[PDB]
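Enquirer: Take this structure first; my questions come after.
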Amino acid sequence: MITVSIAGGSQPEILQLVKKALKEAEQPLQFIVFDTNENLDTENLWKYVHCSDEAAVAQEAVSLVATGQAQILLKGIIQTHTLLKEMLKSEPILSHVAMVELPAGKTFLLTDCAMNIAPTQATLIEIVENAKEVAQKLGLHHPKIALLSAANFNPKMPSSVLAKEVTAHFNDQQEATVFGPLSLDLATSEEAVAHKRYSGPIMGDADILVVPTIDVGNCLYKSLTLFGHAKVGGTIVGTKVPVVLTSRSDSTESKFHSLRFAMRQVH
Amino acid sequence: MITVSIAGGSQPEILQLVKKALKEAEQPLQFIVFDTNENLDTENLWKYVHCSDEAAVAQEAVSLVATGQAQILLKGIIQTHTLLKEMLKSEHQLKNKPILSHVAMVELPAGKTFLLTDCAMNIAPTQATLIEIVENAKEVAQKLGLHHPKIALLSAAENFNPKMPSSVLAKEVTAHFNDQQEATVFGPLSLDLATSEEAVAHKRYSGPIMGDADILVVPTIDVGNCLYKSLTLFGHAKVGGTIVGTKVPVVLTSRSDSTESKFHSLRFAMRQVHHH
């Protein structure tokens, strides 16, 4: 069974997500909610735990995960940084990982469209490691990780430099295939690979895409959603448990996919 | 009448383009190809012209554009650096704008259309550069018939985030244009809030631009490139691009580019040449 700890989850929006999950659940699921506000549940859909202050909520919610009682931390109505702080206070480099599903069934992981703004050599290596973990935790043995760049390698292009550097680093592990600079088409389309007579480690069949900055990841993330009609779900990695960041403006169906994504990582 | 100069265009790939263009062409069109490779023209389509080497091919192609001899320059099979360095020589005087930039025209499935700028020329524009990138794209749209174009300065967050370089850049460039009345320039704005009226409503956002931007301006070539490819690879969007800043639209072609792809850019260039 899977127990989800929700920080500040005694809100109708959360209640609605929980109610939905429990009914569409194909496996045992349980929610434990911490909140300063009064309980809104009567149908005993979750386990309510009142808290004195918000700081306590974050503390209590994170504790349930650190102690090994809950396997997923969900961010309800609470300041992202207050919960983020407590998270780290329990732990060094966190990164966001999203799961993308395109119409024809094409899928891939997209990493860091929220956390690290302008990843340096050292931070990008860690970002690759976290995504490497998430993949090799969903079954993908020896996953292909492409370092995205608009650069043929051009020293005047930061993403190109960063890519050639991160590539040299993982040229040992043998646990995964990490290569870049690689243009988007050359990492996701095998047709682009032939039409361009290209040959390399990754030929339009990457399992994970790593961006140079959040600007690139955010853009790609939104374009796949707006015009690509793709299903997406993401979680924050780096801690001993998958963390789902939810915003009021986010749809339930989106934060739902993230929830299932967090669930698949527990399996 | 529009004459097109092609650097290294004597190729079966370029031939397929010319045929298509001359076929769908409504107004008078003409092609003059320069190449070190032998001629492949049998139907007397274009006007073949042999050259000693690539440096020669480029010099001769760019020369024809140097004056009103040609109205559009198109890069067939030849090193980009060779032609680029070639068109940037003082002897030709082609450049006629503070800086050169790349501008693309994007057409989405239904009818949504917009310009995307700088995913090939300026790597990581400074405030001064971004300002000129906007001007270049603003002029293309005006020349295309749009009088008061909406120009969205794209960034990851919608609300100001000083920890983000693109966010700060957007705010500064916005302040710079807060004076003129030729166009509406605003940022930081996220892609969805810039191109999706529904997303705007969904988040109840309110601002000078609400999912109806005419031109999107990215912070770096990586963002524009990724968006560009993502649009065609998964968005079913039609895209055409040209380098602006010169007195003649410059179309960049790559052998790997499909015929429809080259055609769209060529179509975009012809449109800037005649459209008012």
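Letters for chains follow the order of the structure tokens (A, B, ...), residue numbers begin at 1 for each chain, and ligand numbers begin at 1 in the order shown.
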Please check the contacts: residues of chain B at most 9 Å away from chain A, using only C-alpha atoms, listed as JSON, numbers by chain.
Expert: {"B": [108, 109, 119, 120, 123, 124, 154, 155, 156, 157, 163, 164, 165, 166, 190, 191, 192, 195, 196, 202, 203, 219, 220, 221, 222, 223, 224, 225, 226, 227, 229, 230, 231, 233, 234, 235, 236, 237, 255, 256, 257, 258]}
Enquirer: Could you tell me, as a tab-separated table (two decimals) with C-alpha atoms, in the first residue's frame, which residues of range 158-233 of chain B DSSP assigns to strand (DSSP E or B) when given the backbone?
Expert:
```
chain	number	residue	atom	x	y	z
B	184	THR	CA	2.94	46.87	-27.35
B	185	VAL	CA	6.06	45.26	-25.84
B	186	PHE	CA	5.65	43.38	-22.53
B	187	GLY	CA	7.42	40.82	-20.35
B	188	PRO	CA	8.12	38.74	-18.33
B	189	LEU	CA	5.46	36.52	-19.89
B	215	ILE	CA	5.68	38.22	-31.97
B	216	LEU	CA	7.44	36.09	-29.40
B	217	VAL	CA	10.92	37.14	-28.28
```
Enquirer: So that I can check the secondary structure, give me every residue of range 88-203 of chain A assigned alpha helix (DSSP H) by backbone DSSP, as JSON, numbers by chain.
Expert: {"A": [88, 89, 90, 121, 122, 123, 124, 125, 126, 127, 128, 129, 130, 131, 132, 133, 134, 135, 158, 159, 160, 161, 162, 163, 164, 165, 166, 167, 168, 169, 184, 185, 186, 187, 188, 190, 191, 192, 193, 194, 195]}
Enquirer: Store the residues picked out above, limited to N, CA and C atoms, as a short mmCIF file (atom, residue, chain, number, x, y, z; two decimals), in the first residue's frame.
Expert:
```
data_model
loop_
_atom_site.label_atom_id
_atom_site.label_comp_id
_atom_site.auth_asym_id
_atom_site.auth_seq_id
_atom_site.Cartn_x
_atom_site.Cartn_y
_atom_site.Cartn_z
N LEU A 88 14.67 20.15 3.09
CA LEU A 88 16.14 20.18 3.13
C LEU A 88 16.66 20.09 4.55
N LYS A 89 15.88 20.64 5.49
CA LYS A 89 16.24 20.62 6.90
C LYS A 89 16.26 19.18 7.38
N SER A 90 15.56 18.31 6.64
CA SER A 90 15.51 16.90 6.99
C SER A 90 16.68 16.17 6.33
N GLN A 121 28.30 23.19 -14.41
CA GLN A 121 28.87 21.87 -14.69
C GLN A 121 28.52 20.90 -13.54
N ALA A 122 28.90 21.27 -12.32
CA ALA A 122 28.65 20.43 -11.15
C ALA A 122 27.17 20.15 -10.86
N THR A 123 26.31 21.15 -11.03
CA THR A 123 24.90 20.96 -10.75
C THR A 123 24.23 20.12 -11.83
N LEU A 124 24.65 20.28 -13.07
CA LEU A 124 24.07 19.50 -14.16
C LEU A 124 24.40 18.01 -14.01
N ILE A 125 25.60 17.69 -13.52
CA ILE A 125 25.98 16.30 -13.32
C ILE A 125 25.01 15.66 -12.32
N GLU A 126 24.64 16.41 -11.28
CA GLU A 126 23.72 15.92 -10.27
C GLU A 126 22.31 15.79 -10.85
N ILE A 127 21.92 16.75 -11.68
CA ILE A 127 20.61 16.74 -12.32
C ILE A 127 20.47 15.49 -13.20
N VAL A 128 21.56 15.11 -13.86
CA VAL A 128 21.55 13.92 -14.70
C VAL A 128 21.44 12.68 -13.80
N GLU A 129 22.15 12.69 -12.68
CA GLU A 129 22.11 11.56 -11.76
C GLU A 129 20.70 11.28 -11.22
N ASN A 130 20.00 12.33 -10.81
CA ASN A 130 18.64 12.19 -10.29
C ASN A 130 17.70 11.60 -11.34
N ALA A 131 17.79 12.10 -12.57
CA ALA A 131 16.94 11.60 -13.64
C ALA A 131 17.36 10.17 -13.98
N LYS A 132 18.65 9.89 -13.85
CA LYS A 132 19.18 8.56 -14.14
C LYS A 132 18.59 7.57 -13.13
N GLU A 133 18.36 8.06 -11.92
CA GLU A 133 17.78 7.26 -10.84
C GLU A 133 16.31 7.00 -11.12
N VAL A 134 15.56 8.06 -11.41
CA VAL A 134 14.14 7.94 -11.71
C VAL A 134 13.86 6.95 -12.85
N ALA A 135 14.70 6.97 -13.88
CA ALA A 135 14.53 6.07 -15.00
C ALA A 135 14.82 4.64 -14.56
N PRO A 158 27.25 28.48 -24.58
CA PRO A 158 27.31 27.90 -23.24
C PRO A 158 26.74 26.48 -23.14
N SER A 159 25.53 26.27 -23.63
CA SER A 159 24.92 24.94 -23.58
C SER A 159 25.79 23.92 -24.31
N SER A 160 26.52 24.37 -25.32
CA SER A 160 27.39 23.47 -26.08
C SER A 160 28.60 23.10 -25.21
N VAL A 161 29.16 24.09 -24.53
CA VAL A 161 30.30 23.86 -23.65
C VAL A 161 29.90 22.95 -22.50
N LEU A 162 28.80 23.31 -21.85
CA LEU A 162 28.26 22.55 -20.72
C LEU A 162 28.00 21.11 -21.12
N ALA A 163 27.46 20.92 -22.32
CA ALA A 163 27.14 19.59 -22.83
C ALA A 163 28.39 18.73 -23.05
N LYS A 164 29.40 19.29 -23.72
CA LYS A 164 30.63 18.57 -23.98
C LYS A 164 31.31 18.23 -22.65
N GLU A 165 31.16 19.10 -21.66
CA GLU A 165 31.76 18.86 -20.35
C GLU A 165 31.06 17.75 -19.59
N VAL A 166 29.74 17.81 -19.52
CA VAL A 166 28.98 16.78 -18.80
C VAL A 166 29.13 15.41 -19.47
N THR A 167 29.38 15.42 -20.77
CA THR A 167 29.55 14.19 -21.51
C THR A 167 30.87 13.49 -21.13
N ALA A 168 31.93 14.28 -21.05
CA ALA A 168 33.25 13.78 -20.69
C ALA A 168 33.21 13.13 -19.32
N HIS A 169 32.41 13.72 -18.43
CA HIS A 169 32.28 13.22 -17.08
C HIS A 169 31.68 11.82 -16.98
N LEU A 184 17.11 18.94 -30.38
CA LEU A 184 15.87 18.27 -30.04
C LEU A 184 15.44 17.18 -31.03
N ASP A 185 15.39 17.52 -32.31
CA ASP A 185 14.99 16.55 -33.32
C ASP A 185 15.91 15.34 -33.32
N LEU A 186 17.22 15.59 -33.24
CA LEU A 186 18.17 14.50 -33.25
C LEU A 186 18.11 13.63 -32.00
N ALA A 187 17.37 14.05 -30.99
CA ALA A 187 17.27 13.24 -29.78
C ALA A 187 15.94 12.50 -29.69
N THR A 188 14.91 13.02 -30.37
CA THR A 188 13.58 12.42 -30.31
C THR A 188 13.03 11.84 -31.60
N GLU A 190 13.80 9.64 -34.93
CA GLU A 190 14.65 8.74 -35.68
C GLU A 190 14.61 9.12 -37.15
N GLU A 191 13.53 9.77 -37.57
CA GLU A 191 13.39 10.20 -38.95
C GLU A 191 14.36 11.37 -39.20
N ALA A 192 14.49 12.26 -38.22
CA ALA A 192 15.42 13.37 -38.36
C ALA A 192 16.84 12.82 -38.42
N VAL A 193 17.06 11.70 -37.75
CA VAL A 193 18.37 11.09 -37.73
C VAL A 193 18.81 10.64 -39.13
N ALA A 194 17.88 10.07 -39.90
CA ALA A 194 18.19 9.61 -41.24
C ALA A 194 18.22 10.74 -42.26
N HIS A 195 17.22 11.60 -42.20
CA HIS A 195 17.13 12.72 -43.12
C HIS A 195 18.34 13.65 -42.97
#
```
Enquirer: Any idea what the distance is between CA of residue 266 in chain B and CA of residue 199 in chain A?
Expert: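 One can read the CA of residue 266 in chain B to CA of residue 199 in chain A distance as 29.3 Å.
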Enquirer: If we count only C-alpha atoms and set the cut-off at 7 Å, which residues sit around range 20-32 of chain B, ignoring sequence neighbours fewer than 5 positions away in its own chain? Please answer as a ChimeraX atom specification.
Expert: /B:1-6,46-48
Enquirer: Can those selected residues be exported to a file as a PDB file, in the first residue's frame so that it contains C-alpha atoms?
Expert:
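Everything below was put into out.pdb:
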```
ATOM      1  CA  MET B   1       9.379  40.761 -60.489  1.00  0.00           C
ATOM      2  CA  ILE B   2      11.398  38.852 -57.903  1.00  0.00           C
ATOM      3  CA  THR B   3      14.806  37.394 -58.698  1.00  0.00           C
ATOM      4  CA  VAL B   4      16.412  34.927 -56.271  1.00  0.00           C
ATOM      5  CA  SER B   5      20.160  34.333 -55.943  1.00  0.00           C
ATOM      6  CA  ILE B   6      21.222  30.862 -54.776  1.00  0.00           C
ATOM      7  CA  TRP B  46      16.952  28.644 -63.476  1.00  0.00           C
ATOM      8  CA  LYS B  47      19.992  30.439 -64.921  1.00  0.00           C
ATOM      9  CA  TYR B  48      23.008  28.226 -64.079  1.00  0.00           C
TER      10      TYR B  48
END
```
Enquirer: Which residue gives the smallest distance to residue 266 in chain A among A:94, A:99, A:147, A:243, with only C-alpha atoms counted?
Expert: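 That would be A:243, the residue with the smallest distance to residue 266 in chain A.
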Enquirer: Provide the CA of residue 205 in chain B to CA of residue 160 in chain B distance in Å, to one decimal place.
Expert: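 CA of residue 160 in chain B lies at a distance of 13.9 Å from CA of residue 205 in chain B.
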Enquirer: Show me, as JSON, numbers by chain, the residues that have an atom within 9 Å of range 133-144 of chain B when counting only C-alpha atoms, minus same-chain residues fewer than 5 positions from it.
Expert: {"B": [97, 99, 100, 101, 102, 103, 115, 116, 117, 118, 122, 125, 128, 149, 150, 151, 182, 183, 185, 214, 215, 217, 244, 245, 271, 272, 273, 274, 275, 276]}
Enquirer: Selection from above, N, CA, C and O atoms, as a compact mmCIF listing (two decimals), in the first residue's frame, can you write it?
Expert:
```txt
# COMPACT_ATOMS: atom_id res chain seq x y z
N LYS B 97 20.94 47.61 -40.82
CA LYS B 97 20.26 47.71 -39.54
C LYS B 97 21.33 47.52 -38.48
O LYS B 97 22.30 46.79 -38.70
N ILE B 99 21.88 45.69 -36.12
CA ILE B 99 22.34 44.31 -35.98
C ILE B 99 21.51 43.34 -36.83
O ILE B 99 20.41 43.67 -37.26
N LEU B 100 22.05 42.15 -37.06
CA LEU B 100 21.34 41.13 -37.81
C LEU B 100 20.65 40.21 -36.80
O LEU B 100 21.16 39.99 -35.70
N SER B 101 19.50 39.68 -37.18
CA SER B 101 18.78 38.78 -36.32
C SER B 101 18.07 37.75 -37.19
O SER B 101 18.07 37.86 -38.41
N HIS B 102 17.48 36.74 -36.57
CA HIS B 102 16.75 35.77 -37.33
C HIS B 102 15.33 35.86 -36.85
O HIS B 102 15.06 36.01 -35.65
N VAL B 103 14.41 35.81 -37.80
CA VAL B 103 13.00 35.89 -37.51
C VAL B 103 12.29 34.77 -38.27
O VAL B 103 12.54 34.54 -39.45
N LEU B 115 5.18 35.59 -35.04
CA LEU B 115 6.59 35.60 -35.37
C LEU B 115 7.37 35.17 -34.14
O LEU B 115 6.98 35.43 -33.00
N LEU B 116 8.46 34.46 -34.38
CA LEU B 116 9.35 33.98 -33.34
C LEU B 116 10.71 34.56 -33.67
O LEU B 116 11.17 34.47 -34.81
N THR B 117 11.37 35.15 -32.69
CA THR B 117 12.65 35.69 -33.05
C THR B 117 13.87 35.45 -32.22
O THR B 117 13.92 35.55 -30.99
N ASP B 118 14.86 35.11 -33.03
CA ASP B 118 16.22 34.83 -32.71
C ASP B 118 16.61 33.51 -32.11
O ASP B 118 17.02 33.43 -30.96
N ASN B 122 21.78 35.61 -32.60
CA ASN B 122 22.30 36.08 -31.33
C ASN B 122 22.17 35.07 -30.20
O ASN B 122 21.07 34.81 -29.72
N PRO B 125 21.58 37.45 -26.24
CA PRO B 125 21.40 38.91 -26.31
C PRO B 125 21.39 39.67 -24.99
O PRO B 125 20.80 39.23 -24.00
N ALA B 128 20.73 45.72 -24.93
CA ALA B 128 20.84 46.51 -26.15
C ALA B 128 20.50 45.66 -27.37
O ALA B 128 19.79 46.10 -28.28
N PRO B 149 1.72 45.59 -33.59
CA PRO B 149 2.01 44.23 -33.11
C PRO B 149 2.29 44.06 -31.62
O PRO B 149 2.95 44.89 -31.00
N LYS B 150 1.78 42.97 -31.06
CA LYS B 150 2.01 42.67 -29.66
C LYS B 150 3.29 41.85 -29.59
O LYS B 150 3.44 40.82 -30.26
N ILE B 151 4.23 42.34 -28.79
CA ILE B 151 5.53 41.72 -28.62
C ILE B 151 5.74 41.28 -27.18
O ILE B 151 5.92 42.09 -26.26
N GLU B 182 4.23 52.61 -31.24
CA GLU B 182 4.21 51.82 -32.46
C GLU B 182 3.82 50.37 -32.20
O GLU B 182 3.26 49.71 -33.07
N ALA B 183 4.11 49.87 -31.00
CA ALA B 183 3.77 48.50 -30.65
C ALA B 183 3.67 48.30 -29.15
O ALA B 183 4.12 49.13 -28.37
N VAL B 185 5.00 46.18 -26.25
CA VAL B 185 6.06 45.26 -25.84
C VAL B 185 5.93 45.01 -24.34
O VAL B 185 5.97 45.95 -23.54
N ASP B 214 1.69 38.78 -31.18
CA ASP B 214 1.99 38.65 -32.60
C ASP B 214 3.44 38.25 -32.86
O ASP B 214 3.79 37.70 -33.91
N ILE B 215 4.28 38.54 -31.88
CA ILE B 215 5.68 38.22 -31.97
C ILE B 215 6.16 37.72 -30.62
O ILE B 215 5.86 38.31 -29.57
N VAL B 217 9.50 36.86 -28.38
CA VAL B 217 10.92 37.14 -28.28
C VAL B 217 11.52 36.29 -27.13
O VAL B 217 11.13 36.44 -25.96
N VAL B 244 17.17 38.80 -40.96
CA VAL B 244 16.81 40.17 -41.25
C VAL B 244 17.92 41.12 -40.82
O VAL B 244 18.86 40.71 -40.12
N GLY B 245 17.82 42.37 -41.24
CA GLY B 245 18.85 43.35 -40.92
C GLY B 245 19.55 43.80 -42.18
O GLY B 245 20.07 44.92 -42.27
N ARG B 271 7.32 37.26 -49.18
CA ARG B 271 6.30 38.05 -48.54
C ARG B 271 6.85 39.37 -47.99
O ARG B 271 6.16 40.38 -48.00
N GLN B 272 8.10 39.36 -47.52
CA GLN B 272 8.71 40.58 -46.99
C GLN B 272 9.14 41.50 -48.13
O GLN B 272 9.18 42.73 -47.98
N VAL B 273 9.47 40.90 -49.26
CA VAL B 273 9.91 41.66 -50.42
C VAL B 273 8.80 42.48 -51.06
O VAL B 273 9.01 43.64 -51.43
N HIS B 274 7.62 41.88 -51.21
CA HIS B 274 6.53 42.62 -51.83
C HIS B 274 5.45 43.16 -50.90
O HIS B 274 5.08 44.33 -51.01
N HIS B 275 4.96 42.33 -49.99
CA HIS B 275 3.91 42.75 -49.06
C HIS B 275 4.17 44.11 -48.42
O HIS B 275 5.31 44.48 -48.15
N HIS B 276 3.08 44.85 -48.20
CA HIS B 276 3.13 46.19 -47.62
C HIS B 276 2.51 46.23 -46.23
O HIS B 276 3.21 46.70 -45.30
```
Enquirer: Set the distance at 6 Å and use only C-alpha atoms: which residues neighbour range 244-246 of chain A once local chain neighbours fewer than 5 positions away are removed? I'd like the list as a list in words.
Expert: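 That gives residues 74, 75 and 235 of chain A.
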Enquirer: For CA of residue 52 in chain A and CA of residue 242 in chain A, determine how far apart the two atoms are, in Å to one decimal place.
Expert: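 Answer for the CA of residue 52 in chain A to CA of residue 242 in chain A separation: 26.0 Å.
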Enquirer: Looking at only C-alpha atoms, which of B:96, B:167, B:69, B:79 is the one that sits closest to residue 54 in chain B?
Expert: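 Under the stated criterion, the closest residue is B:79.
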Enquirer: Name the residues in contact with residue 249 in chain B at a cut-off of 7 Å, using only C-alpha atoms, excluding same-chain residues fewer than 2 positions from it; report them as a PyMOL selection string.
Expert: chain B and resi 72-73+242-244+246-247+251+269
